[PDB]
There are 2 protein chains.
Amino acid sequence: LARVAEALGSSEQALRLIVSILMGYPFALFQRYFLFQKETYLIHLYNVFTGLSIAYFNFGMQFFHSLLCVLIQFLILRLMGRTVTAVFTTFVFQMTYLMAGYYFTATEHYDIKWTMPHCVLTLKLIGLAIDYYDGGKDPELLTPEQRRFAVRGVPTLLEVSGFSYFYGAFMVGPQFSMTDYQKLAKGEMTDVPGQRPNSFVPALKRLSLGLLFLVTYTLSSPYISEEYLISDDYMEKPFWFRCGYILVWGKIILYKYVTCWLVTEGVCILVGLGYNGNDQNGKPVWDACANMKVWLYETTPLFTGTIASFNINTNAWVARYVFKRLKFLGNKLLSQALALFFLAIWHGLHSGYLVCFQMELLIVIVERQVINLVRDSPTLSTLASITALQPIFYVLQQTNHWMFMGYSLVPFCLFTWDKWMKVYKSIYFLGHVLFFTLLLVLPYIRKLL
Amino acid sequence: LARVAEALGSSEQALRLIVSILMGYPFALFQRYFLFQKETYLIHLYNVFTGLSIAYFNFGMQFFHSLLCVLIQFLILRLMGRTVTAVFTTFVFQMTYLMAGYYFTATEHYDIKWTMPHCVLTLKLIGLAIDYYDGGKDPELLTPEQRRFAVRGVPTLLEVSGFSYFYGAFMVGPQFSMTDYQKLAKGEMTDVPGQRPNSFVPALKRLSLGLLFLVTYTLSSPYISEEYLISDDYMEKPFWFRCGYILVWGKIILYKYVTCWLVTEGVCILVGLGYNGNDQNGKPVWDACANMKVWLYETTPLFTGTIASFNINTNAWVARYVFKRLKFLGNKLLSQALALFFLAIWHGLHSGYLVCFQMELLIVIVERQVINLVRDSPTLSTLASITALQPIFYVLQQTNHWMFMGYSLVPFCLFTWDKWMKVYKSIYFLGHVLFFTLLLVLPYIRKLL
Ligand SMILES: CCCCC/C=C\C/C=C\C/C=C\C/C=C\CCCC(=O)SCCNC(=O)CCNC(=O)[C@H](O)C(C)(C)COP(=O)(O)OP(=O)(O)OC[C@H]1O[C@@H](n2cnc3c(N)ncnc32)[C@H](O)[C@@H]1OP(=O)(O)O
Ligand SMILES: CCCCC/C=C\C/C=C\C/C=C\C/C=C\CCCC(=O)SCCNC(=O)CCNC(=O)[C@H](O)C(C)(C)COP(=O)(O)OP(=O)(O)OC[C@H]1O[C@@H](n2cnc3c(N)ncnc32)[C@H](O)[C@@H]1OP(=O)(O)O
Ligand SMILES: CCCCCCCC/C=C\CCCCCCCC(=O)OC[C@H](COP(=O)(O)OCC[N+](C)(C)C)OC(=O)CCCCCCC/C=C/CCCCCCCC
Ligand SMILES: CCCCCCCC/C=C\CCCCCCCC(=O)OC[C@H](COP(=O)(O)OCC[N+](C)(C)C)OC(=O)CCCCCCC/C=C/CCCCCCCC
């Protein structure tokens with residue numbers, strides 16, 4: 001039992017998480033094979049039982065926390081449903097519950113535990129509360145992309161339990177809305193585009209690609225190391241070696257996430273929740289619940305071309321439920337700073353997340369300024385119009401996006417001020433000084449030309 | 001020097017604070033004797049010099065913190081003066097500066113230091129920012145008590161420095177607005193009600209009363225003790241003795257504040273800032289800058305009769321700049337809870353202030369419910385109309401307000417969860433259980449009759 005559990009250099013918790021994630025396929029197959037049920041309560045109870053069983057298997061003494069959390073949530077949502085006080089009360093309650101969880105947890109390296117499922121659950125649930133409050137407004141246009149996306153005040157006595165504890169998107173899965181779940185519940189998501197289809201092209205391809213990334217990461221894992229950053233053995237002697245190591249790093253840690261999300265996607269594609277219609281050619285498209293892009297993620301030089309292709313669901317949720325809801329402050333920068341601060345507090349332990357997200361804001365602002373300036377000058381346009389040879393558009397432009405990505409990703413994997421600063425000072429604070437110089441130089445030359 | 005500094009059981013810091021507070025009278029006399037100055041910059045420079053000298057005398061390495069704080073404040077107020085972003089930015093900046101100060105300070109017992117002057121300064125300065133933002137609105141009625149109280153957008157290049165560093169109300173003094181300070185600056189506060197008047201009846205009486213309370217407190221100080229609560233020597237054996245001790249306590253700690261505020265009042269009465277007009281009889285009244293009431297403070301049985309007579313200035317400021325500015329949430333209880341939470345965060349170290357203010361909210365709600373129910377019943381009105389003898393209105397009603405006052409004041413002087421809980425459990429959590437029972441009983445009997 002335990003002899004082979006930790007045999008291949010794996011802890012007791014990572015293997016448990018990976019087997020729990022992989023165990024979603026048989027449940028989806030069982031549900032799809034038995035679809036002749038015409039009563040929704042059976043599906044709801046099945047989802048609740050499967051979610052609770054998975055939570056028990058992962059850790060058997062902490063699921064009652066999330067159970068009482070969702071219980072209190074719909075208990076308080078039943079009363080004062082449309083009141084503006086309700087949304088603020090549920091926001092404060094959920095945020096303080098998560099913050100107390102982090103404060104009393106005090107994890108050190110990763111320590112896979114209840115925190116991730118509770119975090120996903122609470123963000124999805126705050127989204128549900130916002131949607132319910134908005135759905136009680138007047139039926140007019142109101143940014144017409146909302147009526148298809150907002151609940152119509154229907155009773156939610158039991159659907160909230162099954163919606164919260166979905167077996168597919170429980171650990172790190174997507175964060176779909178409420179209306180699509182209700183459409184799935186009583187069997188009208190696909191009349192005949194996807195009853196039998198597909199389970200052949202999309203799901204198998206996604207599973208195979210996830211397995212490919214997983215084997216690549218586990219083959220490249222022992223060769224590289226993370227604690228070598230702290231260690232001083234033949235590291236502080238050369239300079240360019242440190243930059244090259246950080247460049248090679250950062251592009252390898254991210255894969256740790258990638259595989260995971262991809263395999264979760266497969267489960268959804270098997271259920272049918274990913275359907276959103278068909279294109280002009282008439283072929284149905286399933287790229288609606290996707291969390292990553294196949295190709296654009298790793299073949300984009302622009303800084304802003306990654307935040308739109310790394311994780312679609314969380315970024316889209318933040319854009320939808322912060323920017324569109326905080327337009328009464330007359331400054332876009334303040335709204336962006338508030339959104340990034342909220343995203344930092346979402347999973348921020350001590351200091352690494354704050355500095356990482358501040359740095360990210362700095363890159364996005366600098367990139368927007370630079371891209372605005374180019375192709376907007378009487379003289380620089382001709383220089384940029386040189387298209388016979390493009391050395392700048394070549395590898396010269398790249399191998400700098402990855403370097404700053406690793407530079408801003410270092411505080412993410414080391415969130416203690418001592419280790420953070422000790423490993424971050426040896427690179428001479430290159431990114432901050434370089435971007436401060438650039439940010440103070442561009443306005444003057446822009447005014448010059 | 002130091003032989004007599006600590007001779008009478010006094011630390012090096014309390015004596016410094018008391019001598020600094022008392023040293024305000026000679027400066028006021030010097031200013032009043034030389035009033036023929038027709039230029040405001042001389043008065044402003046005099047106020048700044050006196051305030052900086054007092055700050056240097058109290059502690060000589062930390063005043064630059066407040067100097068840079070006020071500098072940054074009016075630097076950021078110069079730009080985007082009327083923008084809604086400015087008020088939120090200054091609010092966040094001041095609050096986070098004070099919170100960082102408390103977090104990096106980590107005081108234990110009282111440890112008189114920079115924190116109190118910085119706290120008073122930052123609250124006054126946030127008030128100034130709110131006033132400046134409001135003054136840029138339309139000139140209509142707008143709760144007509146505001147035009148006399150709001151600035152009219154006049155330049156504030158130098159008046160902010162003299163206003164912030166007033167020598168009178170610097171440590172624990174009052175928190176007067178901006179317009180009255182400007183009226184005082186160029187000499188039109190009193191044309192001839194108070195050029196020579198008075199400095200005889202008001203100031204001397206206030207000083208004498210403050211000295212009387214001070215000598216009473218210092219005579220009753222060594223007889224009683226505070227650490228006896230922690231000590232178990234012949235304390236945990238009897239029960240009624242603990243309640244009697246807490247009753248006698250609480251009424252003695254408050255005097256520690258009282259004297260202080262009173263003596264500060266004297267300084268203001270000498271300057272002339274306390275004038276607000278005259279009554280119907282024509283005699284001028286100086287009870288405008290007062291921070292305590294002479295008689296109503298200690299001769300009121302009602303719970304709500306103390307929050308309107310303990311400290312007028314801070315309570316009035318909180319009522320003016322929170323309730324009147326947070327009416328867009330449709331629930332009074334939420335506004336009250338937010339105000340009390342802000343007042344707790346104002347000077348809250350770890351836990352005692354939060355529980356103290358929550359308890360205070362509970363008493364005020366319970367008292368309002370009880371006073372609403374009485375004299376509002378078909379049958380209980382006759383019982384309450386018995387006026388031949390009033391044992392209830394006698395000492396029976398009192399000796400219970402003081403007891404709950406001490407019960408809710410215990411966590412204020414012991415703000416560490418260990419000592420707090422250890423001294424608070426021995427009284428069997430009497431207040432919380434009694435008021436929970438009363439709060440759950442009154443609605444049913446109210447519906448009954
Ligand atoms: C290379 C760049 C980044 C490099 C990475 C650096 C650090 C990396 C940090 C973490 C990476 C490491 C591990 C990540 C993996 C797992 C950890 C979880 C963390 C994440 O996985 S997270 C990754 C980044 N995480 C973000 O979070 C960044 C993006 N997050 C945003 O939020 C963005 O900002 C975005 C792109 C969504 C918005 O970008 P945008 O600015 O282009 O949006 P846009 O302007 O196009 O929209 C126009 C609409 O603004 C509204 N509008 C106008 N004026 C307004 C005003 N005055 N006030 C308010 N609203 C206003 C109008 O209503 C209009 O609406 P309409 O369309 O109808 O006109
Ligand atoms: C015995 C009771 C307390 C016992 C003490 C227990 C614990 C003691 C705690 C500390 C004591 C120890 C040491 C203290 C010494 C130094 C430490 C510093 C701490 C202090 O030194 S601190 C002491 C207490 N510290 C407080 O802080 C309590 C009071 N602090 C408040 O804030 C109160 O609450 C108050 C009385 C000021 C307000 O009392 P209130 O409720 O009677 O006011 P009211 O109703 O009369 O005003 C009607 C107006 O509400 C507005 N309005 C209506 N509906 C609304 C809605 N839906 N939303 C928003 N606004 C609405 C309308 O606009 C209307 O305006 P209009 O007049 O035009 O009609
Ligand atoms: C614009 C912001 C300016 C930043 C403000 C700077 C605050 C730091 C200032 C003064 C602290 C002096 C402390 C007095 C003593 C307290 C000790 C303490 O407790 O402190 C510890 C350290 C000092 O070491 P030690 O004396 O104990 O050495 C002892 C030897 N040994 C190394 C073996 C441990 O103090 C430190 O250095 C603290 C190092 C950093 C800690 C906080 C992280 C800063 C966060 C930056 C991100 C802000 C972005 C916000 C906006 C986000 C938008 C998305
Ligand atoms: C409605 C609110 C419900 C309250 C939530 C309760 C949270 C407490 C819960 C669970 C904590 C279990 C902890 C697991 C271990 C972590 C240790 C820790 O770090 O914790 C320490 C203590 C436990 O002692 P130990 O194991 O270390 O003993 C060791 C032996 N020895 C005594 C020598 C030190 O944990 C404690 O007991 C904590 C005691 C209290 C600390 C926070 C104070 C509560 C605040 C209440 C006011 C809320 C009002 C808000 C609204 C304001 C409106 C104006």
# chains A, B, ... in the order shown; residues from 1 in each chain; ligands from 1
call {"tool": "residues_near_ligand", "arguments": {"ligand": "ligand 3", "cutoff": "9 Å", "atoms": "only C-alpha atoms and all ligand atoms", "output": "list in words"}}
result
residues 336, 337, 338, 339, 340, 341, 342, 343, 344, 350, 351, 352, 353, 354, 355, 356, 357, 358, 359, 360, 361, 417, 418 and 421 of chain A; 100, 103, 104 and 105 of chain B
call {"tool": "interface_residues", "arguments": {"of": "chain B", "to": "chain A", "cutoff": "12 Å", "atoms": "only C-alpha atoms", "output": "PyMOL selection string"}}
result
chain B and resi 80+82-89+92+328-335+337-338
call {"tool": "residues_around", "arguments": {"residues": "residue 261 of chain A", "least_positions_apart": "4", "cutoff": "7 Å", "atoms": "only C-alpha atoms", "output": "list in words"}}
result
residues 172, 173, 257, 265 and 291 of chain A
call {"tool": "write_last_selection", "arguments": {"atoms": "N, CA and C atoms", "output": "PDB file, in the first residue's frame"}}
result
ATOM      1  N   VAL A 172      -9.865  22.269  -8.971  1.00  0.00           N
ATOM      2  CA  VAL A 172      -9.277  23.385  -9.701  1.00  0.00           C
ATOM      3  C   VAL A 172     -10.051  23.625 -10.990  1.00  0.00           C
ATOM      4  N   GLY A 173     -11.250  23.056 -11.084  1.00  0.00           N
ATOM      5  CA  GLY A 173     -11.981  23.057 -12.318  1.00  0.00           C
ATOM      6  C   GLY A 173     -12.515  24.430 -12.677  1.00  0.00           C
ATOM      7  N   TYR A 257       0.805  23.695 -13.404  1.00  0.00           N
ATOM      8  CA  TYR A 257      -0.615  24.023 -13.478  1.00  0.00           C
ATOM      9  C   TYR A 257      -1.247  23.446 -14.738  1.00  0.00           C
ATOM     10  N   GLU A 265     -10.716  19.773 -17.934  1.00  0.00           N
ATOM     11  CA  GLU A 265     -11.551  20.125 -19.072  1.00  0.00           C
ATOM     12  C   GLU A 265     -12.199  18.890 -19.673  1.00  0.00           C
ATOM     13  N   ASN A 291     -10.110  26.283 -20.476  1.00  0.00           N
ATOM     14  CA  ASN A 291      -9.324  27.118 -19.584  1.00  0.00           C
ATOM     15  C   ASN A 291      -7.969  27.509 -20.154  1.00  0.00           C
TER      16      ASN A 291
END
call {"tool": "atom_distance", "arguments": {"atom1": "atom CA of residue 49 of chain B", "atom2": "atom CA of residue 67 of chain B"}}
result
12.4 Å
call {"tool": "residues_around", "arguments": {"residues": "residue 320 of chain B", "least_positions_apart": "5", "cutoff": "12 Å", "atoms": "only C-alpha atoms", "output": "JSON, numbers by chain"}}
result
{"B": [127, 130, 131, 143, 145, 146, 149, 177, 312, 313, 314, 315, 325, 326, 327, 339]}
call {"tool": "write_last_selection", "arguments": {"atoms": "N, CA and C atoms", "output": "PDB file, in the first residue's frame"}}
result
ATOM      1  N   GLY B 127     -10.955  64.309   8.180  1.00  0.00           N
ATOM      2  CA  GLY B 127     -12.083  65.223   8.244  1.00  0.00           C
ATOM      3  C   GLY B 127     -11.918  66.416   7.323  1.00  0.00           C
ATOM      4  N   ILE B 130     -12.592  65.269   3.707  1.00  0.00           N
ATOM      5  CA  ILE B 130     -14.030  65.120   3.470  1.00  0.00           C
ATOM      6  C   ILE B 130     -14.679  66.485   3.290  1.00  0.00           C
ATOM      7  N   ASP B 131     -14.328  67.433   4.164  1.00  0.00           N
ATOM      8  CA  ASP B 131     -14.905  68.769   4.083  1.00  0.00           C
ATOM      9  C   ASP B 131     -14.559  69.434   2.758  1.00  0.00           C
ATOM     10  N   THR B 143     -28.682  70.181   3.473  1.00  0.00           N
ATOM     11  CA  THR B 143     -28.627  70.073   4.928  1.00  0.00           C
ATOM     12  C   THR B 143     -27.983  71.329   5.504  1.00  0.00           C
ATOM     13  N   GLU B 145     -26.950  72.974   7.690  1.00  0.00           N
ATOM     14  CA  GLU B 145     -25.886  73.069   8.688  1.00  0.00           C
ATOM     15  C   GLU B 145     -24.487  72.848   8.092  1.00  0.00           C
ATOM     16  N   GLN B 146     -24.329  72.746   6.773  1.00  0.00           N
ATOM     17  CA  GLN B 146     -23.041  72.448   6.158  1.00  0.00           C
ATOM     18  C   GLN B 146     -22.321  73.675   5.615  1.00  0.00           C
ATOM     19  N   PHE B 149     -20.199  75.117   7.920  1.00  0.00           N
ATOM     20  CA  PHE B 149     -19.232  74.142   8.399  1.00  0.00           C
ATOM     21  C   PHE B 149     -18.298  73.612   7.320  1.00  0.00           C
ATOM     22  N   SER B 177     -13.034  72.107  13.409  1.00  0.00           N
ATOM     23  CA  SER B 177     -13.065  72.073  11.954  1.00  0.00           C
ATOM     24  C   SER B 177     -12.026  73.038  11.385  1.00  0.00           C
ATOM     25  N   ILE B 312     -17.955  64.704  23.598  1.00  0.00           N
ATOM     26  CA  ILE B 312     -18.836  65.262  22.580  1.00  0.00           C
ATOM     27  C   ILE B 312     -18.153  65.288  21.220  1.00  0.00           C
ATOM     28  N   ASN B 313     -16.871  65.658  21.179  1.00  0.00           N
ATOM     29  CA  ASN B 313     -16.237  65.975  19.903  1.00  0.00           C
ATOM     30  C   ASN B 313     -16.077  64.741  19.023  1.00  0.00           C
ATOM     31  N   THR B 314     -15.525  63.655  19.567  1.00  0.00           N
ATOM     32  CA  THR B 314     -15.297  62.470  18.744  1.00  0.00           C
ATOM     33  C   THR B 314     -16.611  61.824  18.317  1.00  0.00           C
ATOM     34  N   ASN B 315     -17.578  61.734  19.233  1.00  0.00           N
ATOM     35  CA  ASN B 315     -18.872  61.160  18.882  1.00  0.00           C
ATOM     36  C   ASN B 315     -19.580  62.001  17.827  1.00  0.00           C
ATOM     37  N   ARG B 325     -22.850  60.366   5.671  1.00  0.00           N
ATOM     38  CA  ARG B 325     -22.176  60.075   4.414  1.00  0.00           C
ATOM     39  C   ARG B 325     -22.380  58.643   3.940  1.00  0.00           C
ATOM     40  N   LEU B 326     -23.169  57.840   4.648  1.00  0.00           N
ATOM     41  CA  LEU B 326     -23.372  56.432   4.312  1.00  0.00           C
ATOM     42  C   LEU B 326     -24.860  56.096   4.386  1.00  0.00           C
ATOM     43  N   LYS B 327     -25.680  56.938   3.763  1.00  0.00           N
ATOM     44  CA  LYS B 327     -27.124  56.743   3.744  1.00  0.00           C
ATOM     45  C   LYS B 327     -27.608  55.958   2.531  1.00  0.00           C
ATOM     46  N   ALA B 339     -19.819  52.071  11.447  1.00  0.00           N
ATOM     47  CA  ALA B 339     -19.239  53.157  12.232  1.00  0.00           C
ATOM     48  C   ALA B 339     -18.487  52.621  13.442  1.00  0.00           C
TER      49      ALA B 339
END
call {"tool": "decode", "arguments": {"residues": "segment 61-166 of chain B", "atoms": "C-alpha atoms", "output": "tab-separated table (two decimals), in the first residue's frame"}}
result
chain	number	residue	atom	x	y	z
B	61	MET	CA	13.20	61.20	16.51
B	62	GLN	CA	9.66	60.51	15.25
B	63	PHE	CA	8.02	63.86	14.44
B	64	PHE	CA	9.27	63.68	10.86
B	65	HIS	CA	6.72	60.89	10.36
B	66	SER	CA	3.82	63.29	10.96
B	67	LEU	CA	5.63	66.04	9.06
B	68	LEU	CA	5.92	63.92	5.91
B	69	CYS	CA	2.36	62.66	6.44
B	70	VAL	CA	0.85	66.15	6.37
B	71	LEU	CA	3.22	67.14	3.55
B	72	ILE	CA	2.08	64.25	1.35
B	73	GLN	CA	-1.52	64.96	2.32
B	74	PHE	CA	-1.71	68.51	1.07
B	75	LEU	CA	0.54	67.64	-1.88
B	76	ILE	CA	-2.04	65.08	-3.03
B	77	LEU	CA	-4.91	67.41	-2.09
B	78	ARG	CA	-3.48	70.15	-4.32
B	79	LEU	CA	-4.03	67.91	-7.34
B	80	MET	CA	-7.47	66.48	-8.24
B	81	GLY	CA	-9.07	68.57	-5.52
B	82	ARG	CA	-12.75	67.78	-6.10
B	83	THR	CA	-12.35	64.28	-7.56
B	84	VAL	CA	-14.09	61.41	-5.77
B	85	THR	CA	-10.88	59.41	-6.19
B	86	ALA	CA	-8.97	61.89	-4.01
B	87	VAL	CA	-11.02	61.30	-0.87
B	88	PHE	CA	-10.77	57.51	-1.16
B	89	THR	CA	-7.04	57.73	-1.86
B	90	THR	CA	-6.36	59.92	1.17
B	91	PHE	CA	-8.62	57.75	3.35
B	92	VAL	CA	-6.77	54.57	2.37
B	93	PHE	CA	-3.35	56.21	2.70
B	94	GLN	CA	-4.00	57.63	6.18
B	95	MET	CA	-5.65	54.45	7.45
B	96	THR	CA	-2.86	52.19	6.19
B	97	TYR	CA	-0.21	54.53	7.61
B	98	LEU	CA	-1.82	54.39	11.05
B	99	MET	CA	-2.31	50.61	10.82
B	100	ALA	CA	1.34	50.09	9.85
B	101	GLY	CA	2.34	52.28	12.78
B	102	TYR	CA	0.35	50.15	15.21
B	103	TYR	CA	1.54	46.89	13.64
B	104	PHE	CA	5.22	47.87	13.86
B	105	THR	CA	4.81	49.46	17.31
B	106	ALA	CA	3.45	46.49	19.32
B	107	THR	CA	2.85	48.30	22.60
B	108	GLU	CA	2.13	46.31	25.76
B	109	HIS	CA	0.58	48.34	28.58
B	110	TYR	CA	0.11	51.94	27.44
B	111	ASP	CA	3.56	53.12	26.30
B	112	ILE	CA	2.81	56.77	25.58
B	113	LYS	CA	4.43	57.55	22.24
B	114	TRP	CA	3.91	58.99	18.74
B	115	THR	CA	0.78	56.91	18.14
B	116	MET	CA	-1.67	59.21	19.95
B	117	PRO	CA	-0.60	62.49	18.26
B	118	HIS	CA	-0.50	60.77	14.88
B	119	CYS	CA	-3.96	59.28	15.45
B	120	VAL	CA	-5.50	62.64	16.35
B	121	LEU	CA	-3.73	64.30	13.41
B	122	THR	CA	-4.86	61.70	10.88
B	123	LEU	CA	-8.50	61.75	11.99
B	124	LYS	CA	-8.57	65.56	11.85
B	125	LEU	CA	-6.91	65.46	8.44
B	126	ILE	CA	-9.35	62.91	6.99
B	127	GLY	CA	-12.08	65.22	8.24
B	128	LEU	CA	-10.45	68.10	6.38
B	129	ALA	CA	-10.34	66.05	3.17
B	130	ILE	CA	-14.03	65.12	3.47
B	131	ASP	CA	-14.90	68.77	4.08
B	132	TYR	CA	-12.89	69.93	1.07
B	133	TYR	CA	-14.51	67.38	-1.23
B	134	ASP	CA	-17.99	68.32	-0.02
B	135	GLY	CA	-17.33	72.05	-0.39
B	136	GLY	CA	-16.99	71.69	-4.16
B	137	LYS	CA	-20.63	70.66	-4.66
B	138	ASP	CA	-23.52	72.93	-5.66
B	139	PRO	CA	-24.29	75.91	-3.39
B	140	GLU	CA	-27.88	74.81	-2.65
B	141	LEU	CA	-29.31	74.10	0.82
B	142	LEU	CA	-27.84	70.59	1.23
B	143	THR	CA	-28.63	70.07	4.93
B	144	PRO	CA	-28.11	73.78	5.69
B	145	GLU	CA	-25.89	73.07	8.69
B	146	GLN	CA	-23.04	72.45	6.16
B	147	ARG	CA	-22.38	75.84	4.52
B	148	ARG	CA	-21.33	77.29	7.88
B	149	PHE	CA	-19.23	74.14	8.40
B	150	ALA	CA	-17.70	73.46	4.95
B	151	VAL	CA	-14.74	75.12	3.25
B	152	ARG	CA	-15.38	77.17	0.10
B	153	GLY	CA	-12.39	75.95	-1.91
B	154	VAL	CA	-10.01	78.70	-0.75
B	155	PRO	CA	-6.26	78.13	-1.29
B	156	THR	CA	-4.58	76.06	1.42
B	157	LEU	CA	-0.87	76.44	0.66
B	158	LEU	CA	0.22	77.13	4.26
B	159	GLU	CA	-2.85	77.15	6.54
B	160	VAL	CA	-2.83	73.33	6.55
B	161	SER	CA	0.53	73.25	8.36
B	162	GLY	CA	-0.51	75.62	11.14
B	163	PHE	CA	-3.92	73.96	11.38
B	164	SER	CA	-2.40	70.49	11.79
B	165	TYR	CA	0.23	71.45	14.39
B	166	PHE	CA	-1.85	73.58	16.77
